[PDB]
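Everything on this sheet refers to the single structure shown next.
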Amino acid sequence: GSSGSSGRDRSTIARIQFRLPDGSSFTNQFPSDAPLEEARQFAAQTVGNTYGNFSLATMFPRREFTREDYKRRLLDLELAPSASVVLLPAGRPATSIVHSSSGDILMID
């Protein structure tokens, strides 16, 4: 992944609805600027290694996004206001490694 993530907080906001094959669905809040990928990152964490290398697609135009689509901002993909990205399961899981951290400056409340 050449294009990395850019943690930024802007006034603008975008609505991205995530539909699942099971039935449930989650909708996060991302900046109209945030790259489509952003949504893919969250969804991947929300479901984790449940579906695997799943994918994302539209609902109306039913057009399978492209590597480029993830390179352009959301608002650019006409997903500024309301967007509906359906999660398409693949079947094969995606091996990964987790981590853990902890710290406290003699402070407890």
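Following the order of the structure tokens, first chain is A, next is B, and so on, with residues numbered from 1 inside each chain and ligands from 1 in the order they appear.
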
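The neighbours of residue A:16 here are the residues that come within 7 Å of it, using only C-alpha atoms and leaving out any residue fewer than 3 positions away in the same chain; they are residues 27, 28, 29, 82, 83, 84 and 85 of chain A.
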
Write out as a list in words the residues lying within 8 Å of stretch 34-50 of chain A, counting only C-alpha atoms and excluding same-chain residues fewer than 5 positions away.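 Contacts, with the query itself left out: residues 5, 6, 16, 18, 28, 56, 69, 70, 71, 72, 73, 74, 93, 94 and 95 of chain A.
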
In terms of the shortest atom-to-atom distance over only C-alpha atoms, which of A:92, A:109, A:86, A:8 is closest to residue A:58?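 When distances to residue A:58 are compared using only C-alpha atoms, the smallest one comes from A:86.
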
Atomic separation - atom CA of residue A:52 relative to atom CA of residue A:32, Å: 26.9 Å

Determine which residues of stretch 14-72 of chain A receive a DSSP assignment of helix (DSSP H, G or I), computed from the backbone, and state them as a VMD selection string. chain A and resid 36 to 47

Looking at only C-alpha atoms, which of A:87, A:75, A:107, A:80 is the one that sits closest to residue A:59? A:87

Quick one: pull the distance between atom CA of residue A:68 and atom CA of residue A:55, Å, one decimal.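 Separating atom CA of residue A:68 from atom CA of residue A:55 is a distance of 14.2 Å.
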
Write out as a PyMOL selection string the set of residues from stretch 8-94 of chain A that DSSP, computed on the backbone, places in strand (DSSP E). chain A and resi 14-19+25-30+55-57+82-88
